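Source file: input.txt; contents: compact mmCIF, C-alpha atoms.
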# COMPACT_ATOMS: atom_id res chain seq x y z
CA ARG A 1 -129.70 96.09 93.88
CA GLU A 2 -127.15 98.23 92.05
CA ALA A 3 -126.48 95.41 89.57
CA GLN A 4 -130.21 94.89 88.99
CA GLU A 5 -130.61 98.63 88.38
CA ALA A 6 -127.73 98.46 85.88
CA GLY A 7 -129.02 95.20 84.38
CA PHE A 8 -126.46 92.55 85.31
CA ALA A 9 -126.63 89.36 87.38
CA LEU A 10 -124.33 89.21 90.40
CA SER A 11 -123.06 85.62 90.56
CA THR A 12 -121.38 84.99 93.91
CA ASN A 13 -118.71 82.29 94.07
CA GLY A 14 -117.57 82.63 97.70
CA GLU A 15 -115.51 85.57 98.90
CA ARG A 16 -115.08 86.28 95.17
CA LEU A 17 -117.88 87.81 93.11
CA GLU A 18 -118.48 88.72 89.47
CA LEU A 19 -121.20 89.85 87.07
CA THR A 20 -122.83 87.85 84.27
CA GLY A 21 -124.48 89.77 81.45
CA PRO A 22 -124.17 90.99 77.86
CA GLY A 23 -120.67 92.34 77.26
CA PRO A 24 -118.35 94.07 79.72
CA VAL A 25 -119.79 95.72 82.83
CA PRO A 26 -119.86 99.52 83.24
CA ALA A 27 -116.88 101.13 84.95
CA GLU A 28 -119.08 102.43 87.77
CA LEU A 29 -120.51 98.94 88.31
CA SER A 30 -116.98 97.50 88.31
CA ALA A 31 -115.90 100.06 90.92
CA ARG A 32 -118.96 99.23 93.03
CA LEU A 33 -118.16 95.51 92.83
CA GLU A 34 -114.56 96.27 93.78
CA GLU A 35 -115.55 98.34 96.82
CA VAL A 36 -118.18 95.85 98.00
CA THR A 37 -115.82 92.88 97.67
CA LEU A 38 -113.03 94.71 99.50
CA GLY A 39 -115.47 95.73 102.24
CA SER A 40 -116.76 92.17 102.57
CA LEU A 41 -113.26 90.79 103.00
CA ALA A 42 -112.45 93.62 105.43
CA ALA A 43 -115.46 92.36 107.38
CA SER A 44 -113.77 88.96 107.11
CA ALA A 45 -110.70 90.56 108.69
CA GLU A 46 -112.97 91.80 111.48
CA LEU A 47 -114.18 88.20 111.72
CA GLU A 48 -110.62 87.03 112.28
CA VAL A 49 -110.01 89.72 114.91
CA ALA B 1 -97.72 95.13 84.62
CA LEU B 2 -99.36 92.16 86.35
CA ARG B 3 -96.88 92.62 89.20
CA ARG B 4 -97.62 96.36 89.21
CA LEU B 5 -101.31 95.56 89.59
CA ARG B 6 -100.31 93.18 92.39
CA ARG B 7 -99.21 96.32 94.24
CA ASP B 8 -101.59 99.05 93.11
CA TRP B 9 -104.53 96.82 94.03
CA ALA B 10 -102.86 95.99 97.35
CA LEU B 11 -102.25 99.67 98.11
CA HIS B 12 -105.82 100.60 97.20
CA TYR B 13 -107.06 97.95 99.62
CA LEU B 14 -104.59 98.85 102.36
CA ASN B 15 -105.46 102.56 102.30
CA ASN B 16 -108.96 101.83 103.63
CA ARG B 17 -107.63 99.47 106.32
CA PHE B 18 -104.85 101.93 107.28
CA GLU B 19 -107.06 105.03 107.47
CA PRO B 20 -108.49 104.27 110.95
CA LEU B 21 -104.96 103.45 112.10
CA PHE B 22 -103.66 106.87 111.06
CA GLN B 23 -106.77 108.50 112.52
CA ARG B 24 -106.20 106.91 115.92
CA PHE B 25 -102.37 106.70 115.68
CA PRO B 26 -101.10 110.08 114.45
CA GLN B 27 -97.64 109.74 115.99
CA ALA B 28 -96.81 106.46 114.19
CA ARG B 29 -97.06 107.76 110.61
CA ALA B 30 -93.63 106.46 109.59
CA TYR B 31 -94.01 102.93 110.96
CA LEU B 32 -97.47 102.42 109.46
CA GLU B 33 -96.43 103.75 106.05
CA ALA B 34 -93.30 101.58 106.14
CA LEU B 35 -95.45 98.54 106.91
CA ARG B 36 -97.68 99.54 104.00
CA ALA B 37 -94.66 99.73 101.69
CA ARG B 38 -93.40 96.36 102.95
CA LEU B 39 -96.78 94.76 102.27
CA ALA B 40 -96.83 96.32 98.79
CA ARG B 41 -93.34 94.99 98.04
CA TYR B 42 -94.36 91.55 99.33
CA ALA B 43 -97.40 91.57 97.05
CA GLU B 44 -95.38 92.71 94.02
CA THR B 45 -92.04 90.90 94.22
CA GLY B 46 -93.24 87.93 96.28
CA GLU B 47 -90.41 88.32 98.79
CA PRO B 48 -90.96 86.68 102.20
CA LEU B 49 -92.34 88.81 105.02
CA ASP B 50 -90.94 88.41 108.54
CA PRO B 51 -93.56 88.92 111.28
CA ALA B 52 -90.86 89.43 113.92
CA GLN B 53 -89.08 92.19 111.97
CA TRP B 54 -92.30 94.23 111.69
CA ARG B 55 -93.99 94.50 115.10
CA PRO B 56 -94.27 97.26 117.71
CA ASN B 57 -91.83 96.34 120.48
CA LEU B 58 -93.13 97.56 123.82
CA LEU B 59 -90.30 99.05 125.87
CA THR B 60 -92.20 100.07 129.00
CA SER B 61 -95.76 100.93 129.98
CA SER B 62 -97.38 103.57 132.16
CA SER B 63 -99.99 103.04 134.86
CA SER B 64 -100.90 106.46 136.28
CA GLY B 65 -97.71 108.50 136.10
CA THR B 66 -97.98 109.10 139.86
CA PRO B 67 -95.37 108.57 141.19
CA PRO B 68 -93.38 109.32 138.02
CA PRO B 69 -91.13 106.60 136.59
CA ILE B 70 -88.24 106.55 139.06
CA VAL B 71 -85.47 104.39 137.60
CA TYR B 72 -82.54 103.91 139.97
CA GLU B 73 -79.76 102.14 138.08
CA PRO B 74 -76.78 101.55 140.39
CA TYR B 75 -74.87 99.41 137.89
CA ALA B 76 -74.61 102.00 135.12
CA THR B 77 -73.24 99.77 132.39
CA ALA B 78 -74.06 100.25 128.73
CA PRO B 79 -76.39 97.21 128.37
CA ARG B 80 -78.31 98.19 131.51
CA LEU B 81 -78.44 101.90 130.61
CA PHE B 82 -79.15 101.97 126.87
CA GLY B 83 -80.53 98.46 126.34
CA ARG B 84 -79.53 95.23 124.64
CA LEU B 85 -79.67 93.79 121.13
CA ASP B 86 -80.01 90.07 121.81
CA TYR B 87 -79.83 88.06 118.60
CA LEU B 88 -81.28 84.77 117.39
CA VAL B 89 -78.91 82.24 115.81
CA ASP B 90 -80.52 80.30 112.95
CA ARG B 91 -78.28 77.81 111.10
CA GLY B 92 -75.19 79.65 112.37
CA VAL B 93 -76.62 82.98 111.14
CA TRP B 94 -76.88 85.85 113.63
CA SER B 95 -80.15 87.71 113.06
CA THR B 96 -81.88 90.57 114.86
CA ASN B 97 -85.17 92.44 114.61
CA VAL B 98 -87.20 95.15 116.32
CA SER B 99 -88.84 92.63 118.65
CA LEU B 100 -85.33 91.68 119.85
CA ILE B 101 -84.46 95.17 121.15
CA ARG B 102 -84.32 95.29 124.90
CA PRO B 103 -85.09 98.16 127.27
CA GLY B 104 -82.43 99.83 129.35
CA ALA B 105 -82.40 102.29 132.21
CA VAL B 106 -83.03 105.22 129.84
CA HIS B 107 -85.88 103.45 128.01
CA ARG B 108 -88.03 103.06 131.12
CA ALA B 109 -87.18 106.34 132.85
CA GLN B 110 -88.82 108.51 130.17
CA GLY B 111 -91.23 111.10 131.51
CA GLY B 112 -89.56 110.69 134.89
CA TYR B 113 -86.23 110.48 136.68
CA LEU B 114 -83.12 108.39 136.03
CA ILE B 115 -81.02 108.20 139.20
CA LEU B 116 -77.43 107.08 138.68
CA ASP B 117 -74.34 106.77 140.85
CA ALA B 118 -71.63 109.06 139.50
CA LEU B 119 -68.85 106.79 140.74
CA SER B 120 -70.62 103.95 138.92
CA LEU B 121 -70.45 105.97 135.70
CA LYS B 122 -66.76 106.64 136.29
CA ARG B 123 -65.91 102.99 136.98
CA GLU B 124 -67.75 101.55 133.98
CA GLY B 125 -66.53 104.10 131.43
CA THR B 126 -70.04 104.80 130.17
CA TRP B 127 -69.89 108.45 131.24
CA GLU B 128 -68.88 109.55 127.74
CA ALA B 129 -71.60 107.51 126.03
CA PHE B 130 -74.12 108.69 128.62
CA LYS B 131 -73.13 112.30 128.00
CA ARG B 132 -73.57 111.76 124.27
CA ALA B 133 -76.99 110.19 124.87
CA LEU B 134 -78.09 113.10 127.06
CA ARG B 135 -76.88 115.76 124.62
CA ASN B 136 -77.51 114.38 121.12
CA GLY B 137 -80.27 111.89 121.92
CA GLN B 138 -77.88 109.09 120.91
CA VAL B 139 -79.37 106.14 122.77
CA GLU B 140 -78.80 102.78 121.12
CA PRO B 141 -78.66 99.20 122.42
CA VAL B 142 -75.14 97.89 122.80
CA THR B 143 -73.99 95.57 120.02
CA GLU B 144 -71.63 92.78 120.90
CA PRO B 145 -68.59 92.72 118.62
CA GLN B 146 -68.97 89.31 116.94
CA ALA B 147 -72.35 90.11 115.33
CA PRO B 148 -71.78 92.02 112.06
CA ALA B 149 -75.41 92.79 111.19
CA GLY B 150 -76.86 95.20 113.72
CA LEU B 151 -79.57 97.86 113.58
CA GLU B 152 -79.36 101.54 112.65
CA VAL B 153 -81.02 103.06 115.70
CA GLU B 154 -82.38 106.54 115.06
CA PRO B 155 -81.63 109.25 117.64
CA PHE B 156 -84.30 109.44 120.33
CA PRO B 157 -85.32 112.62 122.16
CA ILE B 158 -84.74 112.35 125.91
CA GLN B 159 -87.66 113.47 128.07
CA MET B 160 -86.05 112.28 131.32
CA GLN B 161 -84.01 114.22 133.86
CA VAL B 162 -80.92 112.53 135.26
CA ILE B 163 -80.09 112.99 138.94
CA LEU B 164 -76.56 111.82 139.70
CA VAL B 165 -75.70 110.78 143.25
CA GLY B 166 -72.20 110.42 144.61
CA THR B 167 -69.49 111.38 147.05
CA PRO B 168 -67.93 114.81 146.39
CA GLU B 169 -64.70 113.12 145.28
CA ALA B 170 -66.75 111.06 142.81
CA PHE B 171 -67.65 114.39 141.20
CA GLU B 172 -64.14 115.85 141.28
CA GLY B 173 -63.30 113.45 138.47
CA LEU B 174 -66.42 114.53 136.57
CA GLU B 175 -66.51 118.33 136.95
CA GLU B 176 -63.29 118.57 134.94
CA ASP B 177 -65.28 118.04 131.76
CA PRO B 178 -67.03 121.34 130.90
CA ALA B 179 -69.90 119.36 129.37
CA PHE B 180 -70.78 118.11 132.86
CA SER B 181 -71.32 121.71 133.94
CA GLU B 182 -73.21 122.33 130.70
CA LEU B 183 -75.61 119.45 131.39
CA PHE B 184 -75.93 119.19 135.17
CA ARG B 185 -76.47 122.64 136.65
CA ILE B 186 -78.29 121.94 139.93
CA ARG B 187 -75.86 121.03 142.73
CA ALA B 188 -77.91 119.50 145.54
CA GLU B 189 -75.16 119.39 148.16
CA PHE B 190 -75.82 117.64 151.46
CA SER B 191 -74.05 119.35 154.33
CA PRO B 192 -72.02 116.70 156.20
CA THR B 193 -73.15 118.17 159.54
CA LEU B 194 -76.42 119.57 160.84
CA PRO B 195 -76.73 122.32 163.46
CA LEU C 1 -77.45 84.86 89.50
CA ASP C 2 -77.25 86.49 92.92
CA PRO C 3 -79.39 89.67 92.94
CA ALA C 4 -77.74 90.96 96.12
CA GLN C 5 -74.50 91.56 94.20
CA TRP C 6 -76.10 93.82 91.58
CA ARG C 7 -78.34 96.42 93.24
CA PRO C 8 -77.40 100.10 93.48
CA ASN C 9 -77.05 101.06 97.15
CA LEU C 10 -78.78 104.40 97.61
CA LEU C 11 -76.73 106.58 99.95
CA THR C 12 -78.79 109.76 100.31
CA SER C 13 -81.45 111.71 98.44
CA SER C 14 -80.76 115.05 96.79
CA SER C 15 -81.88 118.33 98.32
CA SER C 16 -83.30 121.48 96.75
CA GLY C 17 -80.22 123.36 97.97
CA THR C 18 -82.20 125.33 100.58
CA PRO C 19 -82.11 124.02 103.21
CA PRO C 20 -78.80 122.46 102.18
CA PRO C 21 -77.69 119.07 103.52
CA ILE C 22 -76.60 119.83 107.08
CA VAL C 23 -75.18 116.70 108.72
CA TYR C 24 -74.11 117.16 112.34
CA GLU C 25 -72.04 114.25 113.68
CA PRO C 26 -71.11 114.95 117.32
CA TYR C 27 -70.01 111.31 117.68
CA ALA C 28 -66.96 111.32 115.40
CA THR C 29 -66.23 107.65 114.78
CA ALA C 30 -65.06 105.83 111.66
CA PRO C 31 -68.20 103.64 111.19
CA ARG C 32 -70.50 106.68 111.43
CA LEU C 33 -68.29 108.91 109.26
CA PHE C 34 -66.95 106.79 106.41
CA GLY C 35 -69.80 104.26 106.43
CA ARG C 36 -70.14 100.65 107.48
CA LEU C 37 -69.59 97.34 105.69
CA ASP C 38 -71.77 94.96 107.68
CA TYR C 39 -71.61 91.25 106.87
CA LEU C 40 -73.83 88.18 106.74
CA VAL C 41 -72.65 85.04 108.54
CA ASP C 42 -73.56 82.01 106.41
CA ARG C 43 -72.55 78.78 108.16
CA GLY C 44 -69.58 80.47 109.81
CA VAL C 45 -68.46 82.37 106.68
CA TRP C 46 -68.64 86.17 106.56
CA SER C 47 -69.90 87.53 103.24
CA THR C 48 -70.43 91.08 102.00
CA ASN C 49 -71.90 92.88 99.00
CA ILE D 1 -101.68 96.90 122.98
CA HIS D 2 -104.13 98.27 120.41
CA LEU D 3 -101.23 98.93 118.02
CA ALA D 4 -99.91 95.39 118.53
CA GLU D 5 -103.34 93.91 117.84
CA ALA D 6 -103.80 96.05 114.72
CA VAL D 7 -100.34 95.11 113.44
CA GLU D 8 -101.10 91.42 114.01
CA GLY D 9 -104.33 91.81 112.03
CA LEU D 10 -102.47 93.58 109.23
CA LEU D 11 -99.90 90.77 109.14
CA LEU D 12 -102.73 88.22 108.95
CA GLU D 13 -104.19 90.21 106.04
CA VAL D 14 -101.46 88.89 103.72
CA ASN D 15 -103.83 86.00 103.02
CA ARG D 16 -106.48 88.40 101.74
CA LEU D 17 -103.79 90.26 99.82
CA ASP D 18 -103.18 86.96 98.03
CA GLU D 19 -106.94 86.46 97.64
CA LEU D 20 -107.48 89.81 95.91
CA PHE D 21 -105.16 88.53 93.15
CA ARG D 22 -107.99 86.18 92.15
CA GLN D 23 -110.85 88.66 92.61
CA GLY D 24 -113.31 88.98 89.74
CA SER D 25 -112.21 92.56 89.12
CA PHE D 26 -108.55 91.53 89.30
CA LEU D 27 -109.09 88.57 86.98
CA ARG D 28 -110.96 90.83 84.55
CA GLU D 29 -108.12 93.37 84.57
CA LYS D 30 -105.48 90.66 84.06
CA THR D 31 -107.46 89.14 81.18
CA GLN D 32 -107.85 92.58 79.57
CA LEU D 33 -104.11 93.25 79.87
CA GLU D 34 -103.31 89.82 78.43
CA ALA D 35 -105.73 90.39 75.55
CA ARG D 36 -104.17 93.78 74.75
CA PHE D 37 -100.62 92.42 74.76
CA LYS D 38 -101.66 89.42 72.66
CA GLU D 39 -103.37 91.84 70.26
CA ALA D 40 -100.09 93.71 69.84
CA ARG D 41 -98.17 90.45 69.37
CA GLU D 42 -100.79 89.24 66.87
CA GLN D 43 -100.42 92.48 64.91
CA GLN D 44 -96.67 91.87 64.77
CA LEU D 45 -97.31 88.24 63.79
CA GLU D 46 -99.63 89.32 60.97
CA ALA D 47 -97.03 91.78 59.70
CA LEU D 48 -94.43 89.00 59.66
CA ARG D 49 -96.92 86.66 57.97
Could I get this file's structure written as structure tokens?
Amino acid sequence: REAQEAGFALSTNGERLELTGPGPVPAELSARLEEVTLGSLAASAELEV
Amino acid sequence: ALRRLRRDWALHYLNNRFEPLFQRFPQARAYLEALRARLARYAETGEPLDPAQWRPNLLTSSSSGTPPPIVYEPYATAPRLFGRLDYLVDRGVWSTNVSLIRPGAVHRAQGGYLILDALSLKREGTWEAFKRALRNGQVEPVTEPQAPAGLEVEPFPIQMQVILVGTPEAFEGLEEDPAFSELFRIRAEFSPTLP
Amino acid sequence: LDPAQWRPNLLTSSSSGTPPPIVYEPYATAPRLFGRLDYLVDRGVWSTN
Amino acid sequence: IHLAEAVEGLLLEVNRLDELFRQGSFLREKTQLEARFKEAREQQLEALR
């Protein structure tokens, strides 16, 4: 939803994610992607536990 | 700079994982931050990480604290008082780690009483080391003398109270040292006869 | 090249001067006073650095 | 026991530490750094040319 609001397509590849769109992504969007990916793999750590 | 990122990124991740640990474990600040630094160095330099060298080694547990931990150690030798550093031999190499540190009489009498036989302390020659442990908090597992690489054990506060038991003569050889009178000040004498 | 031969062994960190470095050593022994040269046993050979 | 379990989980998280070195944000940062350094080296190359 954040990417759609910013105007970029979130292309999942697994536990790794990135954004497709014209030019580089905004810094705020990059930080959001960073936090969401880290949280998802922390949930993966909770999966292991 | 790629290596530095493979370190800053790791720390930024690990801060969020570590935060609940510090919130619930306030007394283990140093160990958790050291583990964080070790993980960061592993991410940056690629050095191997030993699981056995970085693990909390349980020394003793508590159940209800009633009765208190009453540790009677009649054979007051250094390995059985202060603990043992048993090593693992890999390819002829003597190695040790935190998980290979073994409890002694002191390490399981904390928050309770350590009962010793004074004549036992005299016979085994651990009275001096025991006095040092009681005064300066210098408790450290004994290291056998053909292992060069040991462990730098930090001084540990002693929350136990030692109650020596022995024949009066067994204390005549101990009251000569003024430090005995400095440490042990309650003389619970048993009268040899009752009315 | 052996890295272990060419690292600077940090001994202690500097102090502001107040409080000054106050080292109390009630256990006066040579290894704890003058320092220790521990060794590594490689295949029965003791090596130091 | 809770500390031991948490430490075991943290030790298992070395895999995800390796994984975050191929995260989209990490790959983007590495590519940007590589592009900047190659830009500097290309400036030097053009001066020599």
Original post:
In Å, with one decimal, what is the gap from atom CA of residue 115 of chain B to atom CA of residue 72 of chain B?
Top reply: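 Separating atom CA of residue 115 of chain B from atom CA of residue 72 of chain B is a distance of 4.6 Å.
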Original post:
With all atoms listed in the file as the atoms that count, which of D:45, D:33, D:14, D:40 lies nearest to chain A?
Top reply: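 The closest residue to chain A is D:14.
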Subject >> Test item: residues at most 8 Å from segment 16-23 of chain D, all atoms listed in the file, excluding those fewer than 4 positions along its chain, as a PyMOL selection string >> reply: (chain A and resi 16-17+41) or (chain B and resi 6+9-10+43) or (chain D and resi 27)
Original post:
What is the atom CA of residue 45 of chain A to atom CA of residue 19 of chain B distance in Å?
Top reply: 15.0 Å
Subject >> Nearby residues (all atoms listed in the file) at most 9 Å from residue 68 of chain B, same-chain spacing under 4 positions excluded, as a list in words >> reply: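 With the cut-off at 9 Å, the set is residues 64, 109, 111, 112 and 113 of chain B.
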Original post:
Pick the closest to chain D from A:5, A:42, A:18, A:37: which is it, counting all atoms listed in the file?
Top reply: A:18
Subject >> Neighbours of chain D in chain B at 9 Å, counting all atoms listed in the file, as an NGL selection string >> reply: :B and (1-2 or 5-6 or 9-10 or 13-14 or 17-18 or 21 or 25 or 32 or 35 or 39 or 42-43 or 49 or 51 or 54-58)
Original post:
Do you have the atom CA of residue 74 of chain B-atom CA of residue 116 of chain B distance handy?
Top reply: 5.8 Å
Once you count all atoms listed in the file, what closest atom pair and distance in Å to one decimal does each residue of segment 37-113 of chain B within 7 Å of segment 134-143 of chain B have, with rows by chain and rising residue number, as a tab-separated table?
residue	atom	partner	partner_atom	distance
B:78	CA	B:142	CA	6.5
B:79	CA	B:142	CA	5.7
B:82	CA	B:141	CA	5.3
B:83	CA	B:141	CA	4.4
B:84	CA	B:141	CA	4.6
B:85	CA	B:141	CA	5.7
Take the selection from the previous step and output its residues with C-alpha atoms, as a short mmCIF file (atom, residue, chain, number, x, y, z; two decimals), keeping the file's coordinate frame.
data_model
loop_
_atom_site.label_atom_id
_atom_site.label_comp_id
_atom_site.auth_asym_id
_atom_site.auth_seq_id
_atom_site.Cartn_x
_atom_site.Cartn_y
_atom_site.Cartn_z
CA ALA B 78 -74.06 100.25 128.73
CA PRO B 79 -76.39 97.21 128.37
CA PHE B 82 -79.15 101.97 126.87
CA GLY B 83 -80.53 98.46 126.34
CA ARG B 84 -79.53 95.23 124.64
CA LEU B 85 -79.67 93.79 121.13
#
Original post:
Taking (-124.4, 96.2, 86.1) in the file's coordinates as the center, which residues reach within 9 Å of it, counting all atoms listed in the file, put as a PyMOL selection string?
Top reply: chain A and resi 2-10+19-21+25-26+28-30
Residue subset to file, keeping C-alpha atoms, as a tab-separated table (two decimals), keeping the file's coordinate frame:
chain	number	residue	atom	x	y	z
A	2	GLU	CA	-127.15	98.23	92.05
A	3	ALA	CA	-126.48	95.41	89.57
A	4	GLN	CA	-130.21	94.89	88.99
A	5	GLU	CA	-130.61	98.63	88.38
A	6	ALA	CA	-127.73	98.46	85.88
A	7	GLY	CA	-129.02	95.20	84.38
A	8	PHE	CA	-126.46	92.55	85.31
A	9	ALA	CA	-126.63	89.36	87.38
A	10	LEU	CA	-124.33	89.21	90.40
A	19	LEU	CA	-121.20	89.85	87.07
A	20	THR	CA	-122.83	87.85	84.27
A	21	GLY	CA	-124.48	89.77	81.45
A	25	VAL	CA	-119.79	95.72	82.83
A	26	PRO	CA	-119.86	99.52	83.24
A	28	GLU	CA	-119.08	102.43	87.77
A	29	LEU	CA	-120.51	98.94	88.31
A	30	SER	CA	-116.98	97.50	88.31
**OP:** List the neighbours of residue 186 of chain B out to 12 Å using all atoms listed in the file; skip same-chain residues closer than 2 positions along the sequence, and give me the result as a list in words.
**Re:**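 With the cut-off at 12 Å, the set is residues 161, 162, 163, 164, 165, 180, 181, 182, 183, 184, 188 and 189 of chain B.
Residues within 12 Å of residue 28 of chain C, counting only C-alpha atoms and excluding same-chain residues fewer than 6 positions away, are residues 132 of chain B; 34 and 35 of chain C.
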**OP:** Write out as a PyMOL selection string every residue belonging to chain C that has an atom at most 7 Å from any atom of chain B, counting all atoms listed in the file.
**Re:** chain C and resi 38-44
Original post:
What are the residues of chain D that have an atom within 7 Å of an atom of chain A, counting all atoms listed in the file, as a list in words?
Top reply: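 Applying the cut-off to the listed atoms yields residues 9, 23, 24 and 25 of chain D.
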Written file, previous selection with C-alpha atoms, as a PDB file, keeping the file's coordinate frame:
ATOM      1  CA  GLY D   9    -104.330  91.810 112.030  1.00  0.00           C
ATOM      2  CA  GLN D  23    -110.850  88.660  92.610  1.00  0.00           C
ATOM      3  CA  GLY D  24    -113.310  88.980  89.740  1.00  0.00           C
ATOM      4  CA  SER D  25    -112.210  92.560  89.120  1.00  0.00           C
TER       5      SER D  25
END
Subject >> Given all atoms listed in the file as the counted atoms, nearest of B:131, B:29, B:122, B:80 to residue 107 of chain B >> reply: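 Among B:131, B:29, B:122, B:80, it is B:80 that comes nearest to residue 107 of chain B.
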Subject >> Given all atoms listed in the file as the counted atoms, nearest of B:15, B:45, B:27, B:193 to residue 3 of chain B >> reply: B:45
